[PDB]
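Presented as structure tokens, the chain that follows is alone, the form deposited in one PDB entry.
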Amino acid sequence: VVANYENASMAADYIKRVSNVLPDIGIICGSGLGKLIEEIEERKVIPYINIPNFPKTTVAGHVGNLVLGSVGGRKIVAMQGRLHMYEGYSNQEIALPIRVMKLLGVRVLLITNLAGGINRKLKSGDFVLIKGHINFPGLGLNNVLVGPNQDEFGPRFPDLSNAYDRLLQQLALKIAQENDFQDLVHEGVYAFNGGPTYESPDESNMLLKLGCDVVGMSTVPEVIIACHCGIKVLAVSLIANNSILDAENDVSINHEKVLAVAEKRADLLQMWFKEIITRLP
């Protein structure tokens, strides 16, 4: 199924008939960081499997729902269960839910993820406002836009220099200051590792030489589809470790350690993003 205008239009028609909500904000929450979705008001839960033309997610399993409702007086749509390219999904499968958001009226997309720290100033538990990226799959002929261009959504050759909205970064920082946790908040460049292996010790050292501040396996595909069709983006990484220190000390990361950091910061991130949604222009 191609992520074209006709196919996205059929999915949007179903969603509108079932939910009665017209959202102007979309959210994609990182692993272990989804508690906000369980606080959406007057909400409607829609399994992906019920939506015409949505990608099949049963091989990977686990939760996959679209959730619509209200937060802080604002109308939102959330992806509960995000799709990752290391699972084998195609370009078209990743893009179609973002283009459905566009047709539903979304103007701003808020994203969180878990990432490894490269910059020596970053420690476990820190947050990074993403200000740019290095797309290793894109340089290497695996960009999410490889294929025919879908002209109704955007141009053949997108400019990504303003993909990460500067005013949304400022608002996120302002709220952290108001609540006295600004000592946790940095800005930085995100490296997209296709995955699913964690960067090796020598890959981490290479990323440091190339000016990367953090590394993860998500986010850049959605950002590019959103920028192509004119949706503004804020993206925030939660740092689980510093891979450069780990390489110097011969220490390892694993998924268990990552999820324990997510649990330690989940409630603060939930409150932060509730206020961001409330304050959006």
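In case it trips you up, residue 1 is the first one in the sequence shown, and so on.
We do not show the form deposited with a small molecule bound, though everything after this point is about it.
Colleague: Scan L268, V18, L22, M10 and let me know which has any heavy atom within 4.5 Å of the small molecule in the bound PDB entry.
Modeller: Selected residue: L268.
Colleague: Of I175, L110, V144, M79, which residue is found within 4.5 angstroms of the small molecule in the bound PDB entry when only non-hydrogen atoms are counted?
Modeller: So the residue touching the small molecule in the bound PDB entry, by this definition, is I175.
Colleague: Test of understanding: in the bound PDB entry, would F181 fall inside 4.5 Å of the small molecule by heavy atoms?
Modeller: Yes, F181 lies within 4.5 Å of the small molecule in the bound PDB entry.
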